[PDB]
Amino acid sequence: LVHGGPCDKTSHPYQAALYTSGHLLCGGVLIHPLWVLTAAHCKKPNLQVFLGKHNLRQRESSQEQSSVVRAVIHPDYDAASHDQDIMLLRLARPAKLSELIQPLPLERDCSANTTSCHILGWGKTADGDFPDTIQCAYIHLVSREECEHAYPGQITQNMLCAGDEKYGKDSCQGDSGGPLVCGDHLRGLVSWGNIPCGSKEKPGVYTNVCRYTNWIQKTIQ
């Protein structure tokens, strides 16, 4: 995440870190004791899920690890256009909850008006390096019209744009699958955007979570 700062230690209990081959690959969101929601492009064999993490370079009393027993990629995910970039990961065992490990509810109403939101993750920072401490930044939802104007013919109904016209705070490589949180509910998942990262001109594009309430419910229940 670029142009943000370190998160408060107790502000992201729903954040998951997804690892493969010993390195962080993506973020994710705990939405139920047995399920982590993330981006479909984060699919890899042998994913490892870590909950309760804050600083990747420090063993933390709150961290918990879990293997994935099943990965459900949206049936219509398209890896070129990024359409329907969403995937559910079933954990081997339900997560043990605490102040540092908690699920985040989903925003079910696509018309919700809480436009001030925040993003978080261990993805690339402004200096081009990957941080040990998870980063946080507040950004604002952008109207679909402006989204379409920035990426003509590339934005689908399954995508939501968000950015910061002041400093260009934005998600980046490694933040993929992480949460776009608005009004204490999950509004989106980090999907794609400008490269190099920065949202002043081109906003970040997030999977429009409100569109998947039915699919997620059916998959989990």
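Numbers for residues come from their place in the sequence shown, where the first is 1.
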Test of understanding: from the entry's C-alpha B-factors, which stretch has the higher mean, 159 to 167 or 172 to 180?
159 to 167
Mean C-alpha B factor from the entry: is it higher for 62 to 70 or for 30 to 38?
62 to 70
In this PDB entry, which of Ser81, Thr133, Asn113, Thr125 has the top CA B-factor?
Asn113
Based on the PDB entry, the highest CA temperature factor among the options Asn55, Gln154, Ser191, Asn46 is that of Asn46
Taking the entry's C-alpha B-factors for this chain, is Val209 in the lowest, middle or highest third?
middle
Would you mind checking where the Cα B-factor of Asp129 ranks among the modelled residues of its chain, as the lowest, middle or highest third?
middle
For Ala92, the third of its chain into which the C-alpha B factor falls
highest
Taking only the Cα B-factors deposited for this chain, tell me whether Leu106 sits in the lowest, middle or highest third.
middle
Is the Cα B-factor recorded for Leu141 in the lowest, middle or highest third of its chain?
middle
